[PDB]
Structure formats: structure tokens, C-alpha cells
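1. Sequence below, structure please.
(one chain, ligands or ions: 4)
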Amino acid sequence: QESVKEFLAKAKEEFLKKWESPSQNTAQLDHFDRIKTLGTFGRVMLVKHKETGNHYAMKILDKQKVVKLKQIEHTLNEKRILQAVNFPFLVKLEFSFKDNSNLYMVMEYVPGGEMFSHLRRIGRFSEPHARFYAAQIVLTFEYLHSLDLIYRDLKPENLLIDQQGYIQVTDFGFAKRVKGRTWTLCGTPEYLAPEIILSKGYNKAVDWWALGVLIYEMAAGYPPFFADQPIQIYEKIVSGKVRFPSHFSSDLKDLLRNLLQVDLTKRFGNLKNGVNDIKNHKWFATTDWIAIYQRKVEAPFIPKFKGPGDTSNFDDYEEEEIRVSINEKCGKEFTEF
Ligand SMILES: c1ccc2[nH]c([C@H]3CCNC3)nc2c1
Ligand SMILES: c1ccc2[nH]c([C@H]3CCNC3)nc2c1
Ligand SMILES: c1ccc2[nH]c([C@H]3CCNC3)nc2c1
Ligand SMILES: c1ccc2[nH]c([C@H]3CCNC3)nc2c1
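-> Numbering: from 1, shown residues only. Ligands and ions are numbered 1, 2, ... in the order given. Structure as follows:
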């Protein structure tokens, strides 16, 4: 429909304007009080802005560890993409800056915690609930792929639950703008498509594979391919073999056989009809795509928390000091940050 085509055209216009002239140096560390570590070359911390009282989540990266871990390009991708995107299900970057030792990305604080903890607490999500979360990922990937972006890190730990029970996707450390194919070995083993494992050039089809893994994990309670050694996981991934729990609906099994298709040229999301083969699949027949986008659907649950600074839905980590040098490190490498 022209309304969808027009929405995506305007989304690409606005993304490219920020992509081509990125914001830089929009706050400083002294503006924020440190509250707590929320997750941990990098860590995410709850902070409070000292003039407004607003809470934020601040991702901190040690430049010397980024260089040593060969993540320079990836770190630059992450910040340049995050400052340029805008979508209801993506965590919003509010500020960014750097100092002699570190890089800082200050994002909205999403207080309901990671999907992963709620999934492991309940055990599994029933199909209607898994479908609600999957619909948000389908819309988010339609948006990102239309901007020539590949996300490359879908998993429950990267999906935060907001105050209305909707998903906010976080962690763009492997996201990349790609016009044709890309080649980097990256991602999380359980979620990798066969073409990444086999060292091929690959494209946005890897995100649709990962959506297949995520839907399976939400509805079963565990991912389809697992083992103690990564090489064993990879052997299962490339084999073409998946076993489904008997409680899966027939429609769910059908969708997952088409997402978990080892031949990328046959995989749903990567065919002539693109995302519409997924949106029109029978498993999504009850989904009101516009109502989801507009946040008009009652969520599966609302996270329990006491206020905008409550951290109860996140776990406890050792509170470590940040590194502080009197000399600038890696200045040339991070000039554009
Ligand atoms: C998160 C982590 C570390 C932080 N240190 C600070 C201030 C303290 C004095 N100058 C910077 N805000 C932080 C927020
Ligand atoms: C419409 C368009 C873009 C939007 N960005 C957001 C923020 C709030 C939750 N995370 C991103 N809401 C939007 C609504
Ligand atoms: C905002 C609030 C909390 C957040 N936790 C994270 C990462 C940590 C690893 N998986 C999610 N990003 C956040 C953004
Ligand atoms: C807190 C205390 C001691 C610290 N030393 C350092 C850097 C300086 C040279 N290499 C270590 N950051 C610190 C933060």
C-alpha cells in the first residue's frame, strides 16, 4: 500500500539526514550521577541527570579494550546508527560523548528488564504472547532493512520490556549498514544463520533466521540448536534438522520451517515478497499490524516496578571503577565518535 511505501520512504529520508551529519559530543560525564550497574569491553549503568532528575541507561566502553578486541568499526557503527534511527520499538539514544579513556552512549532507561529474565522465570511464552513480541520484531526489521541496516544480534537478552509491556531493542554493537553482502563473523552462536557459520557473504536474511530462533525459544523455552561447544551448535545449525515440541501449533511449525530454512535464497523474509510473506503467514492471522505499531494492544504482561529509577528487574553485578587517564587514548581511531 502507498501508505506503507510512503512511511518507509520518509523513514529513510530522516535516517539519511542524521546518518550523513551525525551528532557528537552532546553531554559530558559530570552531568550525570552514577546509580547502579545494570549489565556487564563494556558495561551499562543506571545514571541520573543532575539538572533534570531524569534517569538514563549509560553504555560505557573502554577505548583501549575496543582496539584490542578489534571492535573499532563495530563501535563506530553502533553509535552512528543509534543516533540516526527512530522507531517505537528501538531504544532511543539521548546523548553521546567521549573522554580520554572511554566512549559513552546515554540511552533511555527501560525499567522492565530483559525479556530473557521473564522468559526464564515463566518457562515459556504461550503462542499468543510469543506472537505479540514477534510482531514487534517483524515491524522493527522491516524498518531497519528498509534503511539497508542488518541488526545481527537478536536474542532475548537484547530485548527490554517497557512500562507498557512492549519491546525496546537494545545493543546495536553488531549492527551495520550494508548495500549488498557483508562478511564478518559475529553474533551469538545459538542465533547464527548457516551462511555466517560457513564464512559466506551474507545479507538481511540472517536477521530472519535469527527471528526463527527467537520465536522457537519464546514458545518452547529453549532454543532449537544448543550444545556445550560452539562447534557442536554449528553442526546442528548447518544440518537442516529441527525438532519441534508437540505442543507447537501446525501454523507455528510451518512458519519456523520457512524462517529456519538453511538455503538463504528460499528463506522467508528474503523472497520476492520480502516481509509480506511473514506478515501474511497464517500464524499471524490474528495480528493487527497497525494496532501493534500504534501500541494499542494490551500487552501479555506489565513489568512490576516502583518508579522510573527502580532497578529490581535487573540483576546485581560487582560495582567496578571506571578507568581514568590524564592522557587521551586512541584519539585517531575514534575521531568520528
Ligand atoms: C556513570 C559512571 C561513572 C560516573 N562518574 C560520574 C561523575 C562523577 C564526577 N565526574 C563524573 N558520573 C558517572 C556516571
Ligand atoms: C513513534 C515513532 C518513533 C518513536 N520512538 C519512540 C521512543 C519511545 C520508546 N523507544 C523509542 N517512540 C516512538 C513513537
Ligand atoms: C537500557 C537499559 C538497560 C539495558 N541493558 C542493556 C544491555 C546489556 C546486555 N543486554 C542488554 N542495554 C540497556 C539499555
Ligand atoms: C580509579 C583509581 C585508579 C585508577 N588508575 C587508572 C588508570 C590511570 C593509568 N592506568 C590506570 N584509573 C583509575 C581510576
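2. quick one, phi/psi of residue 168?
-> phi -120, psi 120 (degrees, to the nearest 10).
3. My guess is it contacts residue 90. True?
-> Yes: counting by Cβ atoms under 8 Å, residue 168 touches residue 90, with 6.7 Å between them. Placement of C-beta: from N, CA and C, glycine included.
4. if you skip the residues just before and after it, what's nearest to residue 310?
-> The shortest distance from residue 310 to any non-neighbouring residue, by Cβ to Cβ, 6 or more residues apart in numbering, is to residue 111 (5.8 Å).
5. Tell me the secondary structure of that neighbour, please.
-> coil (DSSP: H, G, I helix; E, B strand; the rest coil).
6. So what's the residue count around it?
-> Counted with other Cβ atoms under 10 Å, residues neighbouring residue 111 total 25.
7. residues contacting residue 103?
-> Taking Cβ atoms under 8 Å, 6 or more residues apart in numbering, we find residue 103 in contact with 60-61, 63, 66, 75, 79, 96, 334, 337.
8. which residues does residue 66 contact?
-> Counting by Cβ under 8 Å, 6+ apart, residue 66 has contacts 41, 72, 75, 103, 330.
9. now residue 61
-> 41-42, 75, 102-104.
10. Would you point out which residue of the stretch 201-337 of the chain is nearest ligand 2?
-> Relative to ligand 2, the nearest point of the stretch 201-337 of the chain is residue 295 (7.9 Å; Cβ to the nearest ligand atom).
11. Give me the neighbour count for that residue.
-> That count, for residue 295 with other Cβ under 10 Å as the rule, works out to 14.
12. Isn't it up against residue 166?
-> Yes: the criterion here is Cβ under 8 Å, and residue 295 meets it with residue 166 at 6.1 Å.
13. beta partners for residue 61?
-> residue 42, residue 103 (DSSP bridges).
14. how about stretch 169-180, does it reach ligand 3?
-> Yes: counting by Cβ under 6 Å from any ligand atom, ligand 3 is contacted by stretch 169-180 at 170-171.
15. List the buried residues in that stretch.
-> By neighbour count on 16 or more other Cβ atoms under 10 Å, the buried set for stretch 169-180 is 169-178.
16. do the same with stretch 82-89
-> Here stretch 82-89 shows 82-85, 87-89 as buried, counting by 16+ other Cβ under 10 Å.
17. One more: stretch 250-262?
-> Quick answer for stretch 250-262 (16+ other Cβ under 10 Å): 252, 255-256, 258-262.
18. coming back round to it: from the contacts of residue 103, which land in strands?
-> Among the contacts of residue 103, the ones falling in strands (DSSP state E) are 60-61, 96.
19. Is it possible to get JSON lines of these that adds distance to ligand 1?
-> Converted to JSON lines, the ones in strands among the contacts of residue 103 look like this (distance: Cβ to the nearest ligand atom, whole Å):
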{"residue": "60", "distance to ligand 1": "7"}
{"residue": "61", "distance to ligand 1": "12"}
{"residue": "96", "distance to ligand 1": "14"}
